[PDB]
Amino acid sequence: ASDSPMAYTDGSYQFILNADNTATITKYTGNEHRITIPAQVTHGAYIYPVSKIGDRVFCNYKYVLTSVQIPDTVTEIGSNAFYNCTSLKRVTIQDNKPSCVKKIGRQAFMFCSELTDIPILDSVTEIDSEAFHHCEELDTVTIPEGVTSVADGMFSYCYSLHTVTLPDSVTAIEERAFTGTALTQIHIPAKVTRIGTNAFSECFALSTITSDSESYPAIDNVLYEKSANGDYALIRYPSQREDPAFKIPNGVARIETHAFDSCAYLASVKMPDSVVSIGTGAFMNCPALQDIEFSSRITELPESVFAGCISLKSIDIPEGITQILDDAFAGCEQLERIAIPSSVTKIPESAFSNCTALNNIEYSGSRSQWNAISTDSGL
C-alpha cells in the first residue's frame, strides 16, 4: 500500500482501528506542552481502547513539549514516535499504574536529550534500533527479562548513562549499542553470543568489565570475543584502567576497532605476533601512550589508529607494513621521530596531519622509492 489506512478524529487525536477492536493514535493536531494520550477513543457506536502510539505522532513536534503521560492500555510505541522532542523530561503512566508497553519502535526517543524518567521500559519485550540514541540525560537503565537483544545504536551518545543492567535473556548486543556512554562498569550476561562492532566504543569512564559469556569472556578485566577455532579478538580495554603497561596475551588474533580508544592512563602496550590485524582507531585519543611494541604479522596501520596520541614521541613502524591509512597519526603533536620501512607504499597526507614536532623521518629505502609512495586514499 502507497497510503496508510482510513483515520478518524476524536478531539486533538486522529486514529485508525485495529483488528482486535483497539485503536492506534496516528496524528496529534494540538499544541500542548503537557501531553495526555487518551485511554479510549470513540467512533460511531463503539469505544476503542488506545493500544498503540502510531509511528511519528510527535516526530519533530514543533511546539514546546515537557511531559507525556501514556495510559496503561498502550502496549506499543511506534517508530520515531517522540523523535527530536528535545525538552521532553518524562514519559509516565497515567495514574502511576504499571506500564503495559511491550514494544518500542526504532528511534522512538532518539534525540530526547533532556529525557530522564522512562517507566515505559519496565515490562518491554522488544526495543528496536536507536530507540534511545542521544538521550543525553538518562542516568541508569534496567532492561527487563524477556528482551533478547540490545538493538543497534540503542543508547549511542547517552552521555549521562553510567549504569545499565542487562537481563539473562539478552543474546546479542548490536553495533554501537553503548557508543559514547558514561558506563563505569559492564556486565555481559551468560547468553550473549554476539557483540556488534563499536558496541562499547568511546566509553570514556569504563573501569571494570565482567562477563558470564563463554563467547565474550572478560580475561584480566579486558573484554574479548572468542571464536569457535579458539582465536580471540580484543574488543574493549577499560579506558579508566590505571595500569601504565599492558601486554596483549598470546592467542589474540585481532585488536578490534576502537578497542583501546581514549585510555587515560595506558603508557605502554605490547602486541604478540599472533595479532594479524588492528581495527580503525584502535588506540585513538590515548594521551599517555608513549611506547608501542608491534606484532611482526600486521601489514597495515588502519585509519586513525594513533590519532590524538599526544604523548607519542618516537615510533618504529615494523617491516611488512604496506600502508598507513588516513589520520593514522593525526594530532600526534609530540611525535618527533618515525621509522618507516620500505615496504610502506601508501601514506595519505592526512596520516601525519597536525604533527608539528615531526622533524626526523627515518626511511630505510631510497629517495626514488620515497617519491613513489602513493598519497591516495578516500577521506
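Note that residue numbering follows the sequence shown and begins at 1.
S.K.: Look up the CA B-factors in the entry and say which stretch, 334-342 or 65-73, has the higher mean.
M.R.: If you average the C-alpha B-factors of 65-73 and of 334-342, the larger mean comes out for 334-342.
S.K.: When the Cα temperature factors in the entry are averaged, is it 74-82 or 221-229 that ends up higher?
M.R.: According to the entry, 221-229 carries the higher average C-alpha B-factor.
S.K.: Between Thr26, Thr42, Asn60, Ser51, which one tops the list for C-alpha B-factor in the PDB entry?
M.R.: The C-alpha B-factor peaks, among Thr26, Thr42, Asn60, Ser51, at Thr42.
S.K.: Among the choices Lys191, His162, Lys97, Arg236, identify the one whose CA B-factor in the record is greatest.
M.R.: Answer, based on the entry's C-alpha B-factors: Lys97.
S.K.: Lowest, middle or highest third: where is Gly105 by C-alpha B factor in its chain?
M.R.: Bottom third by C-alpha B-factor.
S.K.: Classify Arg56 as lowest, middle or highest third according to the C-alpha B-factor given in the PDB entry, relative to its own chain.
M.R.: CA B-factor rank for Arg56: lowest third.
S.K.: Among the modelled residues of its chain, does the C-alpha B-factor of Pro244 lie in the lowest, middle or highest third?
M.R.: Highest third of the chain for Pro244's C-alpha B-factor.
S.K.: Grab the CA temperature factor for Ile118 from the record and place it in the lowest, middle or highest third of its chain.
M.R.: For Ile118, the deposited C-alpha B-factor lands in the highest third.
S.K.: Against its chain's modelled residues, does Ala288's Cα B factor rank lowest, middle or highest third?
M.R.: For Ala288, the deposited C-alpha B-factor lands in the highest third.
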